[PDB]
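Requesting a structural model of the entry that follows:
(chains A, B and C, ligands or ions: 10)
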Amino acid sequence: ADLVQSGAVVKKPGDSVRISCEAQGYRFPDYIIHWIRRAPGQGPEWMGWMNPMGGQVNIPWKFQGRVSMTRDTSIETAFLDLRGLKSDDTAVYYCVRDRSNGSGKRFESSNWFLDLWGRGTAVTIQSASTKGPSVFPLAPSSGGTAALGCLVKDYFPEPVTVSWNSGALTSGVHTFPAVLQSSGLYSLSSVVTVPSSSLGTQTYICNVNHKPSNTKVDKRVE
Amino acid sequence: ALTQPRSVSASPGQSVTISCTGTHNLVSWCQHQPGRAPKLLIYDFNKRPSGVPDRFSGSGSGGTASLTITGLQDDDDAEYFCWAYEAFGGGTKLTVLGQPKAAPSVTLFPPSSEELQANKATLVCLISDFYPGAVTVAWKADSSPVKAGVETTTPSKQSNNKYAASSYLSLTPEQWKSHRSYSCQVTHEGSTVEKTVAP
Amino acid sequence: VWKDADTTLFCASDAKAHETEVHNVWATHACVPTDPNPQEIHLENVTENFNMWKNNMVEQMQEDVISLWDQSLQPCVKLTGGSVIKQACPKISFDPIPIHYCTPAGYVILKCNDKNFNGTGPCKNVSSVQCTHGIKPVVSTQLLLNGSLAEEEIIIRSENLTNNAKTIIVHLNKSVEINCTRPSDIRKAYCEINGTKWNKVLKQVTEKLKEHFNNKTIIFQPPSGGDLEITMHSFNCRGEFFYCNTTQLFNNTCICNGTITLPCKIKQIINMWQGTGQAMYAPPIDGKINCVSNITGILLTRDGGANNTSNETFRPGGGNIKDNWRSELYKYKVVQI
Ligand SMILES: *[C@@H]1O[C@H](CO)[C@@H](O)[C@H](O)[C@H]1NC(C)=O
Ligand SMILES: *[C@@H]1O[C@H](CO)[C@@H](O)[C@H](O)[C@H]1NC(C)=O
Ligand SMILES: *[C@@H]1O[C@H](CO)[C@@H](O)[C@H](O)[C@H]1NC(C)=O
Ligand SMILES: *[C@@H]1O[C@H](CO)[C@@H](O)[C@H](O)[C@H]1NC(C)=O
Ligand SMILES: *[C@@H]1O[C@H](CO)[C@@H](O)[C@H](O)[C@H]1NC(C)=O
Ligand SMILES: *[C@@H]1O[C@H](CO)[C@@H](O)[C@H](O)[C@H]1NC(C)=O
Ligand SMILES: *[C@@H]1O[C@H](CO)[C@@H](O)[C@H](O)[C@H]1NC(C)=O
Ligand SMILES: *[C@@H]1O[C@H](CO)[C@@H](O)[C@H](O)[C@H]1NC(C)=O
Ligand SMILES: *[C@@H]1O[C@H](CO)[C@@H](O)[C@H](O)[C@H]1NC(C)=O
Ligand SMILES: *[C@@H]1O[C@H](CO)[C@@H](O)[C@H](O)[C@H]1NC(C)=O
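Residues are numbered from 1 along each chain as shown, chains lettered A, B, ... in the order given. Ligands and ions are numbered 1, 2, ... in the order given. Here you go, the structure:
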């Protein structure tokens, strides 16, 4: 008894996506099915429920017209359809089985009874292209504390490989996870803690390398 | 729609309480292990299904609902969610502390001369070595706040079981030197730690 | 003294052993003659707790009407998940007859008579009966037809009204004729309603719905998705299957002042309401196919979300036909002596 979801996918702005949910181990025709949304950096968002007996749907305004919850009781699979994707639609979607509602012996729950959960399907809206990085120096400023680094602006996709001074500086280096910004682009930062007394006696260089973009950079920091 | 704090934490044997604030309807709870299919824990405030232990329990009245897990184990480390019909809680990361607490080491950089040569300003603010990984970043113009232009991150685990994150404030050249100061505050378990950069 | 209990009931009817009309054939061999001298009993100064949304009489009526339709209707072809049998598909006579539901020995039915009972609360003047009243087993969608009317006020029934996944039933004070007719291409028909009547009734239903949803404004909308039997008002008139577009009945702009006519169609292939599969029928009979029915119930589903908005929308159609039985069975409750 579980809900098998289809695999993750990428899409372009506009566009439209279809996702399955093959029910296993129970009577698919009974108990409705809710579709819920988890977008990066936000709390779960319900999208509607679908009664798999007749196919009736209940969908809040936010998604009228743009979504359709369907099914095919012949192979006990629900379906979610989203048209005209933008950035705020990039998310992981689950099909989930209510069991306090529909035909059949319901569970007895005054609230909604979200018994069975799918594993999720990720859709990513890549309003990107490819491009490379534009790297700029993070300069130190103002006991022996001294931090510097290497900013890597607007690239796509992962990964980039950063190696300070061609593999001479490795201690105290901290490369942070890259951000997928508004644009659906990548950008990251790499810092290092150094001796304050070492500024002036030896200078250091970014080594940003975006291989799928074919990009090999060096950027010196003072 | 329903509030719910972001972080809980305890150590293999005590007891914790996550709560959901919102409005006076009944709430059920759900556990979500990393990438797995979520699991119903307790429904209609206090009621508990079968296949789930007596340690998980809950209640609710007055506007907020409580979900308690006693005698914790090293498999309860997951996200927890609550719902009242189609009102949903934001989630609460439950961390089972294997190591001790750590406060954030926060570093705030300015936009380089080269950045402004090409007409883009980005304040970087990196957060280091904190545990658990539940951060709240905030940028503020001189004294007042900002909400637009901020692009934060989910905390990741470093090479030694603590956490890191970044935060970028993208801005226009004029609104970089528009005024006096700019700062990336980091709220961690109760208190903030605030850096500051100026033109 | 009595306690709540659940047991197998039986049915009673006035069916004819010689009739070929299909409900009479089912009812002579599945039911007994109606009680020759029935009489009810007042339960002075006693209160009971009815709950029309957990009543086993409803499940039993569901299984009964399923059996009746399973033996009764003769499609040319029936397809049910891979299997598909083909049988002779003659025309049939068809007109629902009232059915009563009798208790066996050692049980008895209790009757809520609180004029404005909502199906779930406690009850003031409780009665004791042997059987129910004559309940007509007419499957239909969106509209409830040929049933009984509310005594005093229009009444609004649900499990909770703040749950949107749970159906809402509205019981009218005043029936509204829907006069459906296929005149003497061969499938196009039309249902007619006195528009003034129906629109006055719908304004009254809006006023009640605003009563229970914090004076908030409410609006009607066509069903959103799914198969034809939900999206349109579907029913069976003398063996033919009518599907009527009901959008002109839920016309908010005209809370029209004459005759509404719904474009209906007779359909060859249908999906069986027993969830079973789909079935194929024979082309319709000749002549004037008439069906004057009373509209005496509506079923709505409220659009989820929009707890932010200052209005609530309602669409016709509520789940599966089991709840139709609730529409009439709400006021009964079998107990054990
Ligand atoms: C039904 O009536 C009872 C009181 O008799 C009340 O508590 C309950 O809210 C009512 N239900 C509905 C759906 O109105
Ligand atoms: C209780 O039901 C009876 C049905 O015979 C009805 O006549 C009577 O008026 C009801 N009681 C009250 C107080 O209305
Ligand atoms: C239709 O409603 C009228 C009330 O005006 C009633 O007299 C008649 O018996 C009803 N017919 C039915 C339910 O078939
Ligand atoms: C219908 O109910 C309303 C209010 O519930 C009432 O004003 C009206 O008189 C009722 N209709 C009849 C025919 O009694
Ligand atoms: C019903 O409609 C038919 C045809 O439209 C008409 O001949 C008949 O008089 C109508 N009957 C009633 C009771 O309205
Ligand atoms: C429709 O019903 C109204 C009742 O308000 C009455 O005038 C008559 O029965 C019908 N009128 C017309 C014009 O059909
Ligand atoms: C609507 O709410 C107001 C209070 O703001 C009240 O005057 C009125 O009674 C309410 N509506 C009805 C139909 O009672
Ligand atoms: C009913 O009519 C209106 C307008 O044509 C609309 O709701 C819909 O197109 C129709 N219903 C159908 C085709 O099921
Ligand atoms: C609603 O009623 C009137 C008909 O007189 C008009 O505003 C409109 O065309 C109707 N809408 C329909 C039938 O969809
Ligand atoms: C409703 O009742 C009338 C009168 O008894 C009958 O002719 C008609 O067939 C019934 N309608 C349905 C859908 O059963």
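
List the residues that contact the nearest residue to residue B:79 once chain neighbours are set aside.
The spatial neighbour of residue B:79 that comes closest, neighbours along the chain excluded (CB to CB, 6 or more residues apart in numbering or on different chains), is residue B:32 at 4.5 Å. C-beta: built from backbone N, CA, C; applies to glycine. When contacts are counted by CB atoms under 8 Å, 6 or more residues apart in numbering or on different chains, residue B:32 is found next to B:38-39, B:78-81, B:91.

same thing but at 7 Å, please
When the contact criterion is CB atoms under 7 Å, 6 or more residues apart in numbering or on different chains, the partners of residue B:32 are B:38, B:78-79, B:81.

Please identify which pair of the residues you listed lies farthest apart.
Greatest spacing in the contacts of residue B:32, by CB to CB: B:78 and B:81 (10.1 Å).

For burial, what's the neighbour tally of residue B:199?
Look at residue B:199: counted by other CB atoms under 10 Å in any protein chain shown, it has 12 neighbours.

brain fart, residue B:157
A count of neighbours around residue B:157, defined by other CB under 10 Å, yields 11.

Next one: it from residue C:211, what distance?
In this structure, residue B:157 and residue C:211 are separated by 56 Å, where distance is defined by CB to CB, to the nearest Å.

same question, residue B:45
Using CB to CB, we find residue B:45 at a distance of 28 Å from residue C:211.

quick one, which of the two is more surrounded?
Taking neighbours as other CB under 10 Å, residue B:45 and residue C:211 compare with residue B:45 leading, 19 against 11.

Once you drop chain neighbours, what's closest to the more buried one?
Take residue B:45 and drop its neighbours on the chain: the residue closest to it by CB to CB, 6+ apart is residue B:60, 4.6 Å away.

ok and the residue in chain A nearest ligand 9?
As assessed by CB to the nearest ligand atom, ligand 9 sits closest to residue A:64 within chain A, at 18.3 Å.

Validate this expectation: residue C:65 resides in a helix.
Yes: checked against DSSP: H, G, I helix; E, B strand; the rest coil, residue C:65 lies within a helix.

ok, the residue lying closest to it once chain neighbours are set aside - contacts?
Excluding its sequence neighbours, the residue lying closest to residue C:65 (CB to CB, 6+ apart) is residue C:137, at 4.6 Å. The contact partners of residue C:137, by CB under 7 Å, 6+ apart, come to C:65, C:68, C:96, C:99.

so what's residue B:114 closest to, chain neighbours aside?
The shortest distance from residue B:114 to any residue that is not its chain neighbour, by CB to CB, 6+ apart, is 4.9 Å, and that residue is residue A:136.

Please confirm that residue C:264 is located within a helix.
No: secondary structure of residue C:264, determined by three-state DSSP: strand, with no helix assignment.

What's opposite it in the beta bridge?
Applying DSSP bridges to residue C:264 yields these beta-bridge partners: residue C:189, residue C:244.

just residue C:280 next, same as before
For residue C:280, the beta-bridge partners under DSSP bridges are residue C:77, residue C:269.

so how many other residues sit close to it?
With neighbours defined by other CB under 10 Å, the count for residue C:280 comes to 15.

Tell me how far it lies from residue B:147.
With the distance defined as CB to CB, residue C:280 ends up 61 Å from residue B:147.

Kindly report the same for residue C:119.
For residue C:119, the distance to residue B:147 equals 49 Å [CB to CB].

before we move on, what about residue B:51?
Using CB to CB, we find residue B:51 at a distance of 43 Å from residue B:147.

May I ask you to name the longest strand in the chain?
In the absence of a named chain, chain A is used. The single longest strand within chain A, with elements called by DSSP state E, is strand A:14-24.

look at chain C instead
In chain C, taking DSSP E as the definition, the longest strand is strand C:289-302.

which strands and helices sit next to it?
Helices and strands in packing contact with strand C:289-302 are listed as strand C:143-145, strand C:168-171, strand C:176-182, strand C:311-316; criterion 3 or more CB pairs under 7 Å, 6 or more residues apart in numbering or on different chains; DSSP states H and E.

The longest one - contacts with which helices or strands?
Under the contact criterion of 3+ CB pairs under 7 Å, 6+ apart, the helices and strands touching strand C:176-182 comprise strand C:188-194, helix C:195-212, strand C:289-302.

From the centroid of chain B, which residue is nearest?
The geometric centre of chain B, computed from its C-alpha atoms, lies nearest to residue B:134 (CA atoms, centre = their mean), at 3.9 Å.

burial of the closest residue to it other than its chain neighbours, as a residue count?
Spatial nearest neighbour of residue B:134, excluding adjacent residues (CB to CB, 6+ apart): residue B:7 at 3.3 Å. Applying the criterion other CB under 10 Å, we find 16 residues in the vicinity of residue B:7.

Residue B:7 pairs with what?
Where residue B:7 sits in a bridge, its partners, by DSSP bridges, are residue B:93.

need the contact list for it.
Under the criterion of CB under 7 Å, 6+ apart, the contact list for residue B:7 reads B:92-93, B:95, B:132, B:134.

change it to 8 Å
For residue B:7, the contact set (CB under 8 Å, 6+ apart) comprises B:92-93, B:95, B:132, B:134, B:189.

Check residue C:162 too.
When contacts are counted by CB under 8 Å, 6+ apart, residue C:162 is found next to B:25, B:85.

Also residue A:126?
Counting by CB under 8 Å, 6+ apart, residue A:126 makes contact with A:10-12, A:156-157, A:184.

how near is the residue in the stretch 1-150 of chain C positioned nearest to ligand 3 to ligand 9?
Using CB to the nearest ligand atom, the closest approach of the stretch 1-150 of chain C to ligand 3 is made by residue C:146 at 4.8 Å. As defined by CB to the nearest ligand atom, to the nearest Å, residue C:146 lies at a distance of 25 Å from ligand 9.

For ligand 1, what's the nearest residue on the stretch 1-150 of chain C?
Taking CB to the nearest ligand atom, the stretch 1-150 of chain C has residue C:121 as its residue nearest ligand 1, at 2.0 Å.

Residue C:323: what secondary structure?
Three-state call for residue C:323 (three-state DSSP): helix.

how many other residues sit next to it?
Number of residues near residue C:323 (other CB under 10 Å) recorded here: 23.

try residue B:144
7.

And for residue C:1?
Close neighbours of residue C:1, defined as other CB under 10 Å, add up to 5.

got a list of what the nearest residue to residue C:287 once chain neighbours are set aside touches?
Setting aside the residues directly before and after it, residue C:287 is nearest to residue C:184 in space (CB to CB, 6+ apart), at 5.4 Å. Residues in contact with residue C:184, defined by CB under 8 Å, 6+ apart, are C:286-288.

and if you look at residue B:165?
Counted by CB under 8 Å, 6+ apart, residue B:165 has contacts A:176-177, B:126-127, B:133, B:135, B:137, B:152-156.

can you do 7 Å?
Residue B:165 makes contact with B:127, B:135, B:152-153, B:155, according to CB under 7 Å, 6+ apart.

what's the answer for residue B:190, then?
With contact set as CB under 7 Å, 6+ apart, residue B:190 has no partners.
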